[PDB]
Amino acid sequence: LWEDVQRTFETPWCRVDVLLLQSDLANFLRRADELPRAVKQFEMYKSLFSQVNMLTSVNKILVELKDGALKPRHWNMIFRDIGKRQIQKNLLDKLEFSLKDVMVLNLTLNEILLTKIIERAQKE
Amino acid sequence: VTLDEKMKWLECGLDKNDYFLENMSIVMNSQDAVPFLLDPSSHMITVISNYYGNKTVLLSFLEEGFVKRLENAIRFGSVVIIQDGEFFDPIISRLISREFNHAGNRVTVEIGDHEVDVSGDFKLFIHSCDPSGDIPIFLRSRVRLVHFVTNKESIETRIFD
Amino acid sequence: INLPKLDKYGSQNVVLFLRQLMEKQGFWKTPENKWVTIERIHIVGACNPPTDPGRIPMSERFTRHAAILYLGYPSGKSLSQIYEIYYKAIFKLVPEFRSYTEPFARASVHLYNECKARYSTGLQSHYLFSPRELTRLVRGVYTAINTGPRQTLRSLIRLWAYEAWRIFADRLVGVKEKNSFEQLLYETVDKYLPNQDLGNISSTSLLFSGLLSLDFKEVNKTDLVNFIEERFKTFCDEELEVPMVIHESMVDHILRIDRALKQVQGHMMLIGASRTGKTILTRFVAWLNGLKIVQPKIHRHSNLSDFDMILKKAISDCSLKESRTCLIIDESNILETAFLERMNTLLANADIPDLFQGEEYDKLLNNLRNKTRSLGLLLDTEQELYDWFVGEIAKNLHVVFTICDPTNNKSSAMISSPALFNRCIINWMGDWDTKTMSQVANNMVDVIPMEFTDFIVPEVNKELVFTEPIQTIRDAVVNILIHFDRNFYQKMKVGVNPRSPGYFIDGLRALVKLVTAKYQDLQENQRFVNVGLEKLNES
Amino acid sequence: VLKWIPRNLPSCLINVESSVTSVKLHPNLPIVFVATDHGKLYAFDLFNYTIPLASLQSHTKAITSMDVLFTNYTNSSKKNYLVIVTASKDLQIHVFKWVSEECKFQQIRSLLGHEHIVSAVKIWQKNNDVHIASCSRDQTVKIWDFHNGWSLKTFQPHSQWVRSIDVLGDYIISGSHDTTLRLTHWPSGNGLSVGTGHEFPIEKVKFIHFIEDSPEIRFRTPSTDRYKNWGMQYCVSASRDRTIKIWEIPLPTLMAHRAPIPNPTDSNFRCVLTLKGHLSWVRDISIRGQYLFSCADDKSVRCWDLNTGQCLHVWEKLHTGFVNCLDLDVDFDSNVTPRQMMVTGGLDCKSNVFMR
Ligand SMILES: Nc1ncnc2c1ncn2[C@@H]1O[C@H](COP(=O)(O)OP(=O)(O)O)[C@@H](O)[C@H]1O
């Protein structure tokens, strides 16, 4: 499961579909309960379970971030202002940055900034 | 107001008569709502421009740069006179009603999609052609109507003079 | 079938095509010029009676081939039965009053019949009643019972009367018709309900609101007025800043707009006159209920596409984000019949089938799939998703129409529109009465330079005082202002309701400013002469 | 001791010229300070409340909030006194000093840094140093310094105008007009968590401070982990949606010599209890021992129980108008002993007191 979690996270942003992602996290949540209590008491399971909660709870902001109005310039602005880091130009212009890089952005904490940026994205 | 205002009005190009003097008194006295200057003759816009000098900005509803030149003029107190009052666009509707959202250091008005400041000395005037055309009830209500049409139904005053 | 218009020389080509189909059993293919014979295809038409506006009498050469069936409104006794079932279903909630389920239905039907008989289209274009009004009354009674406290029989009767006032008598104009409705309601209660415990039944003494508490119950007038005052101060401080005087009529209009915006699918048109408060009241009431205001903005002549995208954004916010929008459609926001068609088809079922088509339809269905999955309400077929979409739009989008003097051609056209008429709570607020003008002026003349002018209180005949009896200058000045307003409106213009008082408020504001300035000048003159006299005394 | 339900009738009623906006008790003397909607700050003695001891018109506009801190300098060079910091709608934050030996107000500073109306003000002392916080409608929370008067830090926690604020150590929680809470480390201006779930603007926000003399209590005591080291576990926030919600603050990844970093693993508040029963907007909140006292616009005051979550007593029709403020002496602090009084300044130009 943990390998499945990591491979889902490393998936590039251009190849993830919001409905597909939601179904995949539903499958992950279903598979999580089948683990024994001994696995439950060990910390990596708790960490990945919290990651699954992240992906289930940030569904709305992920959907709003998957709208076609957003552009590579807009993602550059998001990563420079909210992430405080710049992605390489070749990887940025292809919108293939890993979903882990989006999770690095707190999303829940910076949801208002994301919403205003996507509002400007729609208005363009 | 005193006779200084009377001679200032007359020297700008107004007629020497009770009707036009009273209408100018109505237009000038207090500005809590925009005035609607209505007269078939176009000589009154020249009078308004002469009163305020070269700071007057001329603008019309029909031309394209309408909103941009509004956002320019209003923020640093340029008196604006609208050429046509018969037509109207409800974009400027926010400005007509005193709906500025005050703050501790500024007052702002919403035009289109821009929160543009207003200097506070800004004056807005509306000029109209012959009263044959109609005006929407919004304009007729909010805006202070005033007739500068050539004398009619009175005649006795001019011949009396 | 009678809707299509005639040609220059009469006759409708579509109706003649239908006559060809019914009589000759076929038609001519226009580009191939060949005769086609239709087999076992039936033609069924549905039309309103020709006396309705917009209906054109068809040629008898067409109606000669069809059996005309008149499916009128159901009887005057079938309604009694149907609403006896409806009231039984309602009173399942309160079985202690099960014995009164029949008199309530009888009184409702008698109310409907009397309203139909008294107020007719010959007086106002918008006096048109149907069993839809009775269904609305039943549903309103159910909503107030369901979200209310433990009802008592007097409370039940008063609630039913309040619902009757909101469904039927809101559309009435003037005061004579409202008094007629009040006496009719008294007569109905006396005739069909032997219980006699109601107090005053008028619209100003039936105040039901879920604002002051968690239950839809009757509220005290003074408590509600104070609550509205302290909420409206906050509204002005936070939202738009225009100072507005609180008066009794505005409280009733606030209650009406509140109960309309709380409906499952509730739209209202405020057909009054300009500078009354129709828009600001809607904004305030939506602010109380937490609805997002969307006011469409157009230029001199905006194409239909701009209105379409405004509607699409509002619909998306209502459904995919449960924003609970309160769309305010002013008359100036409508300038072509396409806008009216879009509004009436939006109010028709719940929404616009047209705004979602093609790629946008695919994106909308994907978003609906993901949203329904997020709420854990998975639906595997397109029909279920579209039904959920329609339900969300119905229970989240409230459209309010702000209409000035209905004598305008566009106002009359949109009032007379069938869909908007039937699907909206028509609320005639009209122009300010003497009491409302008196209250507004009294709260606007509250300035201290109103004093210092010795007032010779006159005998002043009570028949021409309007406001409270005169004991101070404030009464004199308010009476003078209101009397001049009435004289000016009855002299300059001829007609009924040309425009609500907008000159009155400007006159009061200018009066206050001028009095303050002139008295400041007088005070400084008094100070100058007094100090000069004091210095001369010192000399 | 802490468990004290005030009598169903107020002990003494204080009449003021206009509506009361914020009432603050005196930490040592029995003096009630009352602010008004006309900016006139009033000081009232509890035993002699007929005439105010001293009234001072500092702000032209209405006072929006008041906070009171008794200085506790550890050096004998300076003498302890009282600091009264008042916000107002005139973009001013006036700081006074209560001259106990003369019973008069001595203004010290006239802080002004906000670009629009300031709503709430909180003042606290940290190792001979006194700091003043102030959230305003310009969406900015400014951390002032009392001795100097220069804003140590300014940050924007919300895109809509912040209304309430509460400090505890180096962290600020601020409820805003956009119906969200946000815990912010004010020395660095770094956000840590966001609390969503209210459907109307948030009126008042308070931390639930840790208490230990009580045997056991649902919320005031920590939940083991490193929350005890952290110092805070829960927070309570009234809102215009006529409900009071008690949240649990997610615990960030603290690091030595580094400002706390918002934990991506958990960065959302989690509602644990939702008190319902008020008939209108809840205006103010105070916590004493186990009982959560709240005042609302329904002209009533309620005393919820933190453990069960149920209302115990209701002071219905306490005021003829709304109830704008409610004050109780803090009990987590050491120098300030909990003293059994309760004051409810209202909109009816009156300020009930619940002495015993
Ligand atoms: N009760 C009131 N007290 C004071 N002014 C009012 C009142 N009702 C309406 N007004 C005036 O009406 C204007 C707002 O009316 P509004 O509702 O926006 O126009 P409309 O009725 O055409 O939508 C304000 O300028 C205000 O001065």
# chains A, B, ... in the order shown; residues from 1 in each chain; ligands from 1
>>> residues_near_ligand(ligand="ligand 1", cutoff="9 Å", atoms="only C-alpha atoms and all ligand atoms", output="PyMOL selection string")
(chain B and resi 97-99+137-138+141-142) or (chain C and resi 242-247+249-250+270+272-282+330+402-404+436-437+439-441+443-444+500-502+505-506)
>>> residues_around(residues="stretch 111-126 of chain B", least_positions_apart="2", cutoff="10 Å", atoms="only C-alpha atoms", output="PDB file with C-alpha atoms, in the first residue's frame")
ATOM      1  CA  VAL B  27     -27.658  73.360 -10.517  1.00  0.00           C
ATOM      2  CA  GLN B  31     -24.349  68.724  -5.170  1.00  0.00           C
ATOM      3  CA  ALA B  33     -26.979  64.217  -6.700  1.00  0.00           C
ATOM      4  CA  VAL B  34     -25.782  64.599 -10.282  1.00  0.00           C
ATOM      5  CA  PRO B  35     -27.599  67.294 -12.312  1.00  0.00           C
ATOM      6  CA  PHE B  36     -29.251  66.669 -15.678  1.00  0.00           C
ATOM      7  CA  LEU B  37     -28.691  69.702 -17.895  1.00  0.00           C
ATOM      8  CA  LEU B  38     -31.389  69.581 -20.581  1.00  0.00           C
ATOM      9  CA  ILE B  45     -21.755  73.199 -21.883  1.00  0.00           C
ATOM     10  CA  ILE B  48     -19.948  75.157 -17.579  1.00  0.00           C
ATOM     11  CA  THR B  56     -13.139  70.380 -17.671  1.00  0.00           C
ATOM     12  CA  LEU B  59     -16.937  62.797 -22.545  1.00  0.00           C
ATOM     13  CA  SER B  60     -19.831  60.971 -24.203  1.00  0.00           C
ATOM     14  CA  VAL B  67     -14.968  53.833 -18.836  1.00  0.00           C
ATOM     15  CA  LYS B  68     -11.195  54.257 -19.098  1.00  0.00           C
ATOM     16  CA  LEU B  70     -13.877  58.012 -16.400  1.00  0.00           C
ATOM     17  CA  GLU B  71     -11.443  55.997 -14.286  1.00  0.00           C
ATOM     18  CA  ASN B  72      -8.784  58.537 -15.225  1.00  0.00           C
ATOM     19  CA  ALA B  73     -10.742  61.749 -14.670  1.00  0.00           C
ATOM     20  CA  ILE B  74     -12.650  60.941 -11.481  1.00  0.00           C
ATOM     21  CA  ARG B  75      -9.643  59.909  -9.388  1.00  0.00           C
ATOM     22  CA  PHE B  76      -7.968  63.350  -9.500  1.00  0.00           C
ATOM     23  CA  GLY B  77     -11.039  65.592  -9.462  1.00  0.00           C
ATOM     24  CA  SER B  78     -11.653  66.467 -13.116  1.00  0.00           C
ATOM     25  CA  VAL B  79     -15.100  67.911 -13.810  1.00  0.00           C
ATOM     26  CA  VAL B  80     -16.766  65.727 -16.454  1.00  0.00           C
ATOM     27  CA  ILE B  81     -19.746  66.647 -18.639  1.00  0.00           C
ATOM     28  CA  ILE B  82     -21.555  63.910 -20.557  1.00  0.00           C
ATOM     29  CA  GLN B  83     -22.548  64.826 -24.108  1.00  0.00           C
ATOM     30  CA  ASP B  84     -25.664  62.649 -24.387  1.00  0.00           C
ATOM     31  CA  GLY B  85     -28.215  62.169 -21.633  1.00  0.00           C
ATOM     32  CA  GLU B  86     -30.864  60.601 -23.841  1.00  0.00           C
ATOM     33  CA  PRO B  90     -25.884  51.203 -16.317  1.00  0.00           C
ATOM     34  CA  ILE B  91     -22.133  50.811 -15.870  1.00  0.00           C
ATOM     35  CA  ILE B  92     -21.961  54.383 -14.516  1.00  0.00           C
ATOM     36  CA  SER B  93     -25.082  53.687 -12.430  1.00  0.00           C
ATOM     37  CA  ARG B  94     -22.976  53.070  -9.316  1.00  0.00           C
ATOM     38  CA  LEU B  95     -21.484  56.570  -9.489  1.00  0.00           C
ATOM     39  CA  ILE B  96     -24.845  58.332  -9.840  1.00  0.00           C
ATOM     40  CA  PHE B 100     -19.078  55.164  -2.241  1.00  0.00           C
ATOM     41  CA  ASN B 101     -17.638  52.692   0.258  1.00  0.00           C
ATOM     42  CA  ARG B 106     -10.160  57.171   1.082  1.00  0.00           C
ATOM     43  CA  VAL B 107     -13.555  56.790  -0.565  1.00  0.00           C
ATOM     44  CA  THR B 108     -13.947  54.421  -3.507  1.00  0.00           C
ATOM     45  CA  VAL B 109     -16.548  53.818  -6.210  1.00  0.00           C
ATOM     46  CA  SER B 128     -29.001  66.275 -23.082  1.00  0.00           C
ATOM     47  CA  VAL B 143     -30.440  62.657 -11.150  1.00  0.00           C
ATOM     48  CA  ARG B 144     -31.566  66.217 -10.403  1.00  0.00           C
ATOM     49  CA  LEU B 145     -33.429  67.238 -13.553  1.00  0.00           C
TER      50      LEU B 145
ATOM     51  CA  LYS C 297     -24.044  44.567 -15.255  1.00  0.00           C
ATOM     52  CA  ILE C 298     -24.530  45.504 -18.911  1.00  0.00           C
ATOM     53  CA  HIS C 299     -23.313  48.253 -21.218  1.00  0.00           C
TER      54      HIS C 299
END
>>> closest_atom_pairs(of="chain B", to="chain D", cutoff="9 Å", atoms="only C-alpha atoms", output="JSON lines")
{"residue": "B:103", "atom": "CA", "partner": "D:116", "partner_atom": "CA", "distance": 5.8}
{"residue": "B:104", "atom": "CA", "partner": "D:116", "partner_atom": "CA", "distance": 4.6}
{"residue": "B:105", "atom": "CA", "partner": "D:115", "partner_atom": "CA", "distance": 6.7}
>>> atom_distance(atom1="atom CA of residue D:107", atom2="atom CA of residue D:206")
27.7 Å
>>> closest_atom_pairs(of="chain D", to="chain A", cutoff="10 Å", atoms="only C-alpha atoms", output="CSV")
residue,atom,partner,partner_atom,distance
D:158,CA,A:112,CA,8.1
D:159,CA,A:112,CA,7.1
D:160,CA,A:112,CA,9.8
D:178,CA,A:112,CA,9.8
D:182,CA,A:109,CA,8.5
D:191,CA,A:109,CA,7.4
D:192,CA,A:109,CA,7.5
D:193,CA,A:109,CA,6.1
D:194,CA,A:109,CA,5.7
D:195,CA,A:109,CA,9.2
D:196,CA,A:108,CA,9.6
D:262,CA,A:106,CA,8.2
D:263,CA,A:106,CA,8.4
D:264,CA,A:106,CA,5.7
D:265,CA,A:50,CA,6.2
D:266,CA,A:50,CA,7.5
D:267,CA,A:109,CA,7.0
D:268,CA,A:108,CA,7.2
>>> interface_residues(of="chain D", to="chain C", cutoff="9 Å", atoms="only C-alpha atoms", output="ChimeraX atom specification")
/D:199-200,277-280,297-298,321-322
>>> closest_atom_pairs(of="chain A", to="chain C", cutoff="12 Å", atoms="only C-alpha atoms", output="CSV")
residue,atom,partner,partner_atom,distance
A:17,CA,C:366,CA,10.1
A:18,CA,C:370,CA,7.2
A:19,CA,C:370,CA,5.4
A:20,CA,C:370,CA,9.1
A:21,CA,C:370,CA,9.8
A:22,CA,C:370,CA,7.6
A:23,CA,C:373,CA,8.6
A:25,CA,C:374,CA,11.5
A:26,CA,C:373,CA,9.9
A:55,CA,C:374,CA,11.7
A:56,CA,C:374,CA,8.5
A:57,CA,C:374,CA,9.3
A:58,CA,C:374,CA,10.6
A:59,CA,C:374,CA,7.8
A:60,CA,C:371,CA,8.5
A:61,CA,C:321,CA,11.4
A:62,CA,C:370,CA,11.2
A:63,CA,C:367,CA,8.3
A:64,CA,C:367,CA,10.1
A:66,CA,C:367,CA,10.8
A:67,CA,C:363,CA,9.6
A:68,CA,C:363,CA,10.3
A:119,CA,C:313,CA,11.9
A:122,CA,C:313,CA,10.8
A:123,CA,C:313,CA,11.7
>>> write_last_selection(atoms="N, CA and C atoms", output="PDB file, in the first residue's frame")
ATOM      1  N   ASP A  17      -6.663  12.817 -13.144  1.00  0.00           N
ATOM      2  CA  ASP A  17      -8.025  13.282 -13.346  1.00  0.00           C
ATOM      3  C   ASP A  17      -8.735  13.322 -12.001  1.00  0.00           C
ATOM      4  N   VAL A  18      -9.518  14.380 -11.784  1.00  0.00           N
ATOM      5  CA  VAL A  18     -10.106  14.615 -10.469  1.00  0.00           C
ATOM      6  C   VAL A  18     -11.033  13.471 -10.072  1.00  0.00           C
ATOM      7  N   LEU A  19     -11.883  13.017 -10.995  1.00  0.00           N
ATOM      8  CA  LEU A  19     -12.729  11.866 -10.702  1.00  0.00           C
ATOM      9  C   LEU A  19     -11.896  10.602 -10.531  1.00  0.00           C
ATOM     10  N   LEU A  20     -10.895  10.416 -11.392  1.00  0.00           N
ATOM     11  CA  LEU A  20     -10.009   9.266 -11.257  1.00  0.00           C
ATOM     12  C   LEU A  20      -9.253   9.324  -9.937  1.00  0.00           C
ATOM     13  N   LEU A  21      -8.788  10.513  -9.552  1.00  0.00           N
ATOM     14  CA  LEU A  21      -8.077  10.655  -8.286  1.00  0.00           C
ATOM     15  C   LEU A  21      -8.990  10.351  -7.105  1.00  0.00           C
ATOM     16  N   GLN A  22     -10.235  10.831  -7.154  1.00  0.00           N
ATOM     17  CA  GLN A  22     -11.179  10.565  -6.073  1.00  0.00           C
ATOM     18  C   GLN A  22     -11.468   9.074  -5.952  1.00  0.00           C
ATOM     19  N   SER A  23     -11.689   8.404  -7.084  1.00  0.00           N
ATOM     20  CA  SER A  23     -11.909   6.962  -7.047  1.00  0.00           C
ATOM     21  C   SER A  23     -10.680   6.224  -6.528  1.00  0.00           C
ATOM     22  N   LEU A  25      -8.347   7.356  -4.415  1.00  0.00           N
ATOM     23  CA  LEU A  25      -8.270   7.527  -2.966  1.00  0.00           C
ATOM     24  C   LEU A  25      -9.369   6.764  -2.240  1.00  0.00           C
ATOM     25  N   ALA A  26     -10.544   6.613  -2.853  1.00  0.00           N
ATOM     26  CA  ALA A  26     -11.561   5.752  -2.257  1.00  0.00           C
ATOM     27  C   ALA A  26     -11.067   4.313  -2.172  1.00  0.00           C
ATOM     28  N   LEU A  55      -5.651  14.130   0.694  1.00  0.00           N
ATOM     29  CA  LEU A  55      -6.137  14.074  -0.682  1.00  0.00           C
ATOM     30  C   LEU A  55      -7.655  13.998  -0.743  1.00  0.00           C
ATOM     31  N   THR A  56      -8.294  13.431   0.281  1.00  0.00           N
ATOM     32  CA  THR A  56      -9.751  13.413   0.304  1.00  0.00           C
ATOM     33  C   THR A  56     -10.327  14.772   0.687  1.00  0.00           C
ATOM     34  N   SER A  57      -9.659  15.500   1.582  1.00  0.00           N
ATOM     35  CA  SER A  57     -10.207  16.754   2.082  1.00  0.00           C
ATOM     36  C   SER A  57      -9.897  17.936   1.173  1.00  0.00           C
ATOM     37  N   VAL A  58      -8.858  17.843   0.343  1.00  0.00           N
ATOM     38  CA  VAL A  58      -8.510  18.963  -0.526  1.00  0.00           C
ATOM     39  C   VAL A  58      -9.100  18.726  -1.909  1.00  0.00           C
ATOM     40  N   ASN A  59     -10.156  17.911  -1.975  1.00  0.00           N
ATOM     41  CA  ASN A  59     -10.765  17.587  -3.260  1.00  0.00           C
ATOM     42  C   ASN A  59     -11.284  18.832  -3.968  1.00  0.00           C
ATOM     43  N   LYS A  60     -11.956  19.721  -3.235  1.00  0.00           N
ATOM     44  CA  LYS A  60     -12.542  20.903  -3.863  1.00  0.00           C
ATOM     45  C   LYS A  60     -11.455  21.799  -4.445  1.00  0.00           C
ATOM     46  N   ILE A  61     -10.397  22.056  -3.673  1.00  0.00           N
ATOM     47  CA  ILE A  61      -9.342  22.929  -4.171  1.00  0.00           C
ATOM     48  C   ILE A  61      -8.568  22.257  -5.301  1.00  0.00           C
ATOM     49  N   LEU A  62      -8.435  20.927  -5.275  1.00  0.00           N
ATOM     50  CA  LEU A  62      -7.809  20.236  -6.399  1.00  0.00           C
ATOM     51  C   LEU A  62      -8.640  20.379  -7.664  1.00  0.00           C
ATOM     52  N   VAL A  63      -9.962  20.247  -7.545  1.00  0.00           N
ATOM     53  CA  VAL A  63     -10.835  20.417  -8.703  1.00  0.00           C
ATOM     54  C   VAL A  63     -10.732  21.835  -9.239  1.00  0.00           C
ATOM     55  N   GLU A  64     -10.748  22.821  -8.343  1.00  0.00           N
ATOM     56  CA  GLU A  64     -10.633  24.206  -8.779  1.00  0.00           C
ATOM     57  C   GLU A  64      -9.270  24.473  -9.407  1.00  0.00           C
ATOM     58  N   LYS A  66      -7.692  22.195 -11.194  1.00  0.00           N
ATOM     59  CA  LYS A  66      -7.646  21.455 -12.447  1.00  0.00           C
ATOM     60  C   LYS A  66      -8.452  22.116 -13.554  1.00  0.00           C
ATOM     61  N   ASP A  67      -9.030  23.285 -13.296  1.00  0.00           N
ATOM     62  CA  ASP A  67      -9.758  24.001 -14.331  1.00  0.00           C
ATOM     63  C   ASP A  67      -8.801  24.465 -15.422  1.00  0.00           C
ATOM     64  N   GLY A  68      -9.316  24.540 -16.648  1.00  0.00           N
ATOM     65  CA  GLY A  68      -8.477  24.871 -17.785  1.00  0.00           C
ATOM     66  C   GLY A  68      -8.034  26.316 -17.846  1.00  0.00           C
ATOM     67  N   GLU A 119      -9.421  32.860  -9.759  1.00  0.00           N
ATOM     68  CA  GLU A 119     -10.391  33.849 -10.225  1.00  0.00           C
ATOM     69  C   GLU A 119      -9.801  34.706 -11.337  1.00  0.00           C
ATOM     70  N   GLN A 122      -9.651  32.592 -14.476  1.00  0.00           N
ATOM     71  CA  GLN A 122     -10.921  32.540 -15.194  1.00  0.00           C
ATOM     72  C   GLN A 122     -11.193  33.848 -15.922  1.00  0.00           C
ATOM     73  N   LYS A 123     -10.879  34.976 -15.284  1.00  0.00           N
ATOM     74  CA  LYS A 123     -11.142  36.268 -15.903  1.00  0.00           C
ATOM     75  C   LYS A 123     -10.233  36.533 -17.098  1.00  0.00           C
TER      76      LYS A 123
END
>>> residues_around(residues="residue B:1", least_positions_apart="5", cutoff="12 Å", atoms="only C-alpha atoms", output="PDB file with N, CA and C atoms, in the first residue's frame")
ATOM      1  N   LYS B   6     -23.617  86.054  -9.119  1.00  0.00           N
ATOM      2  CA  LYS B   6     -24.460  86.469 -10.238  1.00  0.00           C
ATOM      3  C   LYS B   6     -23.614  86.938 -11.415  1.00  0.00           C
ATOM      4  N   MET B   7     -22.648  87.821 -11.157  1.00  0.00           N
ATOM      5  CA  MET B   7     -21.803  88.306 -12.239  1.00  0.00           C
ATOM      6  C   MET B   7     -20.863  87.231 -12.767  1.00  0.00           C
ATOM      7  N   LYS B   8     -20.411  86.307 -11.913  1.00  0.00           N
ATOM      8  CA  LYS B   8     -19.614  85.186 -12.400  1.00  0.00           C
ATOM      9  C   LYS B   8     -20.424  84.310 -13.346  1.00  0.00           C
ATOM     10  N   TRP B   9     -21.692  84.064 -13.012  1.00  0.00           N
ATOM     11  CA  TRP B   9     -22.561  83.294 -13.895  1.00  0.00           C
ATOM     12  C   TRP B   9     -22.803  84.031 -15.206  1.00  0.00           C
ATOM     13  N   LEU B  21     -31.276  82.132 -14.524  1.00  0.00           N
ATOM     14  CA  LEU B  21     -30.565  82.368 -13.274  1.00  0.00           C
ATOM     15  C   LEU B  21     -31.035  81.411 -12.187  1.00  0.00           C
ATOM     16  N   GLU B  22     -32.348  81.195 -12.087  1.00  0.00           N
ATOM     17  CA  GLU B  22     -32.870  80.259 -11.099  1.00  0.00           C
ATOM     18  C   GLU B  22     -32.416  78.836 -11.394  1.00  0.00           C
ATOM     19  N   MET B  24     -29.641  77.952 -12.928  1.00  0.00           N
ATOM     20  CA  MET B  24     -28.240  77.884 -12.526  1.00  0.00           C
ATOM     21  C   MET B  24     -28.097  77.819 -11.013  1.00  0.00           C
ATOM     22  N   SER B  25     -28.955  78.535 -10.286  1.00  0.00           N
ATOM     23  CA  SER B  25     -28.934  78.451  -8.831  1.00  0.00           C
ATOM     24  C   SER B  25     -29.260  77.041  -8.359  1.00  0.00           C
ATOM     25  N   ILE B  26     -30.228  76.395  -9.011  1.00  0.00           N
ATOM     26  CA  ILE B  26     -30.559  75.009  -8.689  1.00  0.00           C
ATOM     27  C   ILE B  26     -29.378  74.091  -8.973  1.00  0.00           C
ATOM     28  N   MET B  28     -26.128  74.773  -9.244  1.00  0.00           N
ATOM     29  CA  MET B  28     -24.860  75.076  -8.593  1.00  0.00           C
ATOM     30  C   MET B  28     -24.907  74.908  -7.078  1.00  0.00           C
ATOM     31  N   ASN B  29     -26.060  75.158  -6.451  1.00  0.00           N
ATOM     32  CA  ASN B  29     -26.107  75.372  -5.004  1.00  0.00           C
ATOM     33  C   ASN B  29     -25.501  74.201  -4.238  1.00  0.00           C
ATOM     34  N   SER B  30     -26.149  73.043  -4.292  1.00  0.00           N
ATOM     35  CA  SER B  30     -25.713  71.878  -3.539  1.00  0.00           C
ATOM     36  C   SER B  30     -25.638  70.679  -4.468  1.00  0.00           C
TER      37      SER B  30
ATOM     38  N   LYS C 518     -27.460  77.965   7.376  1.00  0.00           N
ATOM     39  CA  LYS C 518     -27.999  79.287   7.663  1.00  0.00           C
ATOM     40  C   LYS C 518     -27.948  79.592   9.152  1.00  0.00           C
TER      41      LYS C 518
END
>>> closest_residue(among="A:52, A:10, A:15, A:77", to="residue A:31", atoms="only C-alpha atoms")
A:52
>>> select_by_dssp(residues="stretch 98-272 of chain D", states="strand (DSSP E)", output="JSON, numbers by chain")
{"D": [98, 99, 104, 105, 106, 107, 108, 109, 110, 111, 118, 119, 120, 121, 122, 123, 124, 125, 130, 131, 132, 133, 134, 135, 136, 141, 142, 143, 144, 145, 153, 154, 155, 166, 167, 168, 171, 172, 173, 180, 181, 182, 183, 184, 185, 190, 191, 192, 193, 194, 195, 196, 202, 203, 204, 205, 206, 207, 208, 234, 235, 236, 237, 238, 239, 243, 244, 245, 246, 247, 248, 253, 254, 255, 258, 259, 260, 261, 270, 271, 272]}
>>> atom_distance(atom1="atom CA of residue C:162", atom2="atom CA of residue C:397")
25.0 Å
>>> atom_distance(atom1="atom CA of residue D:2", atom2="atom CA of residue D:289")
5.2 Å
>>> residues_around(residues="residue D:246", least_positions_apart="3", cutoff="8 Å", atoms="only C-alpha atoms", output="list in words")
residues 234, 235, 236, 237, 271, 272, 273 and 274 of chain D
>>> write_last_selection(atoms="N, CA, C and O atoms", output="compact mmCIF listing (two decimals), in the first residue's frame")
# COMPACT_ATOMS: atom_id res chain seq x y z
N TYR D 234 -7.11 23.66 22.65
CA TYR D 234 -8.41 23.96 22.07
C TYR D 234 -8.58 25.47 21.92
O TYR D 234 -7.77 26.26 22.41
N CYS D 235 -9.64 25.85 21.22
CA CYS D 235 -10.02 27.24 21.03
C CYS D 235 -11.52 27.30 20.79
O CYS D 235 -12.11 26.37 20.23
N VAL D 236 -12.13 28.39 21.23
CA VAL D 236 -13.58 28.57 21.14
C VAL D 236 -13.85 29.85 20.37
O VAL D 236 -13.13 30.84 20.53
N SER D 237 -14.88 29.83 19.52
CA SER D 237 -15.14 30.95 18.62
C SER D 237 -16.63 31.10 18.38
O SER D 237 -17.24 30.26 17.71
N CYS D 271 -13.50 20.59 14.72
CA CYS D 271 -14.56 20.93 15.65
C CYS D 271 -14.87 19.73 16.53
O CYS D 271 -15.12 18.63 16.03
N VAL D 272 -14.86 19.94 17.85
CA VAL D 272 -15.14 18.88 18.80
C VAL D 272 -16.53 19.01 19.41
O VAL D 272 -17.17 17.98 19.69
N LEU D 273 -17.03 20.22 19.61
CA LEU D 273 -18.34 20.44 20.19
C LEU D 273 -18.96 21.66 19.54
O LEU D 273 -18.26 22.62 19.22
N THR D 274 -20.28 21.63 19.34
CA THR D 274 -21.01 22.72 18.70
C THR D 274 -22.18 23.10 19.60
O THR D 274 -23.24 22.47 19.54
